[PDB]
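In: Test case, fold it:
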Amino acid sequence: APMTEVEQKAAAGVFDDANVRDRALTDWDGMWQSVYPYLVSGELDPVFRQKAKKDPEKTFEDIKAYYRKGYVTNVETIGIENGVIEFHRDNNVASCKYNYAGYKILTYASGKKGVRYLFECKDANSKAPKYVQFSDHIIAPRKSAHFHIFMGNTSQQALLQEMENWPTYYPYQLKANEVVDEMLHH
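Out: Numbers count the residues shown, from 1 in each chain. The coordinates are given below.
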């Protein structure tokens, strides 16, 4: 089902902490493609033009740069199923079964808020990131349409400080025109 008014607002970074609930990894089940190659090929340009158009203080170039830095990753593909996350990084592959480590409510410099969902790989000698945090503009159980994922090997606390890079994933099947469509409307 589509989004309630509380869900739309939470998605814009406006919510009561009392409404935030735990989510399960199954909210992100599925096969997913990085949006980064579409920024690279220039196919996300219409997204950045609309953002520039709607705010006279912004420029296309600086909006795109911000997204470039945000989206950049070589993990082109992520698969999620049965508690396992698979990471395809160029010709390298890696997977691990992930345990839930709770959620964190963040307030950003902008004054907007968001929730990250923290997972841990406890198989300490895997090539899969040890720490993973999902952020997808949702604050309570609901299947993701797309997500940002923070990946790190040092600590969860350290990853919570990451604000610049946020590799971003949409359903594997979607074409670039469909990714654009979702960005411009949802």
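In: show me the contacts for residue 21.
Out: When contacts are counted by C-beta atoms under 8 Å, 6 or more residues apart in numbering, residue 21 touches 139-141. In this view, the C-beta of every residue, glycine as well, is placed from N, C-alpha and C.
In: er, residue 118 I mean
Out: For residue 118, the contacting residues are 100-104, 131-133, 156, by C-beta under 8 Å, 6+ apart.
In: Could you do residue 95 as well?
Out: By C-beta under 8 Å, 6+ apart, the contact set of residue 95 is 84-87, 126, 128.
In: Among those, which are located in helices?
Out: Using DSSP state H, no member of the contacts of residue 95 falls in helices.
In: out of the contacts of residue 118, which are buried?
Out: Among the contacts of residue 118, those that count as buried by neighbour count (16 or more other C-beta atoms under 10 Å) are 103-104, 131-133, 156.
In: Can you redo the residues you listed as JSON lines, where the extra columns are secondary structure and distance to residue 13?
Out: Formatted as JSON lines, those follow (DSSP: H, G, I helix; E, B strand; the rest coil; distance: C-beta to C-beta, whole Å):
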{"residue": "103", "secondary structure": "strand", "distance to residue 13": "15"}
{"residue": "104", "secondary structure": "strand", "distance to residue 13": "15"}
{"residue": "131", "secondary structure": "strand", "distance to residue 13": "23"}
{"residue": "132", "secondary structure": "strand", "distance to residue 13": "22"}
{"residue": "133", "secondary structure": "strand", "distance to residue 13": "17"}
{"residue": "156", "secondary structure": "helix", "distance to residue 13": "22"}
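In: Mind picking the two most distant members of those?
Out: In terms of C-beta to C-beta, the buried ones among the contacts of residue 118 reach their longest pairwise distance at 103 and 131, which sit 13.8 Å apart.
In: Tell me who's in contact with the residue nearest to the spatial centre of the chain.
Out: Using C-alpha atoms, centre = their mean, the residue of the chain that lies closest to the mean C-alpha position is residue 148, 0.8 Å off. Taking C-beta under 8 Å, 6+ apart as the definition of contact, the neighbours of residue 148 are 134-136, 166-169.
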